[PDB]
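Take a look at this single chain in structure tokens; it is the form deposited in one PDB entry.
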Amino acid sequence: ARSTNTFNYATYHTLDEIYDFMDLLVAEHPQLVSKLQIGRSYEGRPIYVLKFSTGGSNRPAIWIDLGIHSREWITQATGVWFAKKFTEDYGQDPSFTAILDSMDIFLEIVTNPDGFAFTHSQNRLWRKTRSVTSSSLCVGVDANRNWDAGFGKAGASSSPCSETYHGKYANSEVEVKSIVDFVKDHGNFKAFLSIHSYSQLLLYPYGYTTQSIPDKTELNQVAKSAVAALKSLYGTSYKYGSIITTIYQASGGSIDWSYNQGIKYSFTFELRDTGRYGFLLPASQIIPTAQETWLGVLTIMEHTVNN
């Protein structure tokens, strides 16, 4: 509340609390972190990214997004913990220090603010954005099906009332298009990570086509290693593989888009648990979840800095 050291990380927060947290963090570490507004949501809420940097101009960067699906509260909660962690570990953790000294990290805690607000205000289990239209009384698009990657292919719904509705056209949702333009304009992203929940999976592309990516052996080995690191803390077991072989066909996904943009290290994490609580994971699981995912992510960043 008054300081990031006083913020309660072991609990779930509303949108305004998370946005206040960002300003506080910026205030305390003006030299490391900045807040950028890359757009406004459908209902007009600002869309913010925190930039963590030790300088340089256009350094190679790491993108991380959380909360694209609003009801996955463990993701926004993990995001706020990561933001604090970066500031704590810079200069104490040799590894993470080496990463920040040469690369920038861009963190989008609440990718879908309108749906997050709605999860607190009206329906805890809403997952889509809140865009509306004409030929339907139904609202919203599944933002992870709106990217320009096999857009409209099998693995998405064409019905507006579906929970997996892909939208009118690729990039129709402003929350997605804001990310697209920002990443394209930067052009120096080397890693793209999207965090969702639940199922305990670490996936790589693709989900829209059975075709194998050419970087399959390396991605798989990085995935393996990351999973091994994650499990190391609490023994949480993840499986890993390409989206389509692992889950099922799904089109218009984030990481398929990023990888096709030339961003090699593109992975999606599906956090705890495996179904016992599902979207409604207990607040007592926030910290342990965050701590173990951090080891997973750090592992991918380390490989990135190195390759």
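For every residue, the number given is its place in the sequence shown, counted from 1.
As for the form solved in complex with a small molecule, it is not shown, yet the points below apply to it.
Residue-level contacts in the bound PDB entry: of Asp114, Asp104, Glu72, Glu108, one residue has a heavy atom within 4.5 Å of the small molecule, and it is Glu72. With the partner omitted here, the residue from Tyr240, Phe279, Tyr48, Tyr42 that has a non-hydrogen atom within 4.5 angstroms of the small molecule in the bound PDB entry is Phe279. At a distance threshold of 4.5 angstroms between non-hydrogen atoms, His166 is out of contact with the small molecule in the bound PDB entry. For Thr119, no non-hydrogen atom is located within 4.5 Å of the small molecule in the bound PDB entry, even though that partner is not displayed. In the bound PDB entry, none of the heavy atoms of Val33 sits within 4.5 Å of a heavy atom of the small molecule.
Although the partner is absent here, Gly253 lies within 4.5 Å of the small molecule in the bound PDB entry, judged by heavy atoms. Site residues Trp81, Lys231 and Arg272 are none of them in contact with the small molecule in the bound PDB entry, judged by any heavy atom within 4.5 Å.
With the small molecule left out of view, the stretch that reaches within 4.5 Å of it through heavy atoms in the bound PDB entry is, among 141-149, 171-179, 215-223, 92-100, 141-149.
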